[PDB]
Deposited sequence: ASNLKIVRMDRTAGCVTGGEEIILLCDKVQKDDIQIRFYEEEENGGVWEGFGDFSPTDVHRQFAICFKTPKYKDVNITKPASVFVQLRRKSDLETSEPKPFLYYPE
């Protein structure tokens, strides 16, 4: 089962598109997503080639639901397997205004 071991950033701008490196326990590159949620949900933008040897993922943050927030919005991020929707424990993530 799924685990986010580390992320180099736990915050990002509401506009999205910012690169993060996430370290995970073993995943399958074609059966993995990164889900940001609050239910609002957005997905990390990456392809299977951005999964590094099943143990890391380089991705770009999704745009948050509201790019006009005036203060930070606390969300969660989890790994999720596409096939059976199994998830990791969530990590907090802070979206901040532009």
inquiry  = Give me the ranges of the deposited sequence that have no CA atoms here, in sequence order.
reply    = 1 to 2, 41 to 46
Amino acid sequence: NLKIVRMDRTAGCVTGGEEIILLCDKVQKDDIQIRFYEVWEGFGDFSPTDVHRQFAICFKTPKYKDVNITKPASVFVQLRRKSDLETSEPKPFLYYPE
From here on, numbers count along this sequence of modelled residues.
remark   = Mean Cα B-factor check, 64 to 72 vs 27 to 35, entry values; winner is 64 to 72
remark   = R9: CA temperature factor from the record, placed by chain third, in the middle
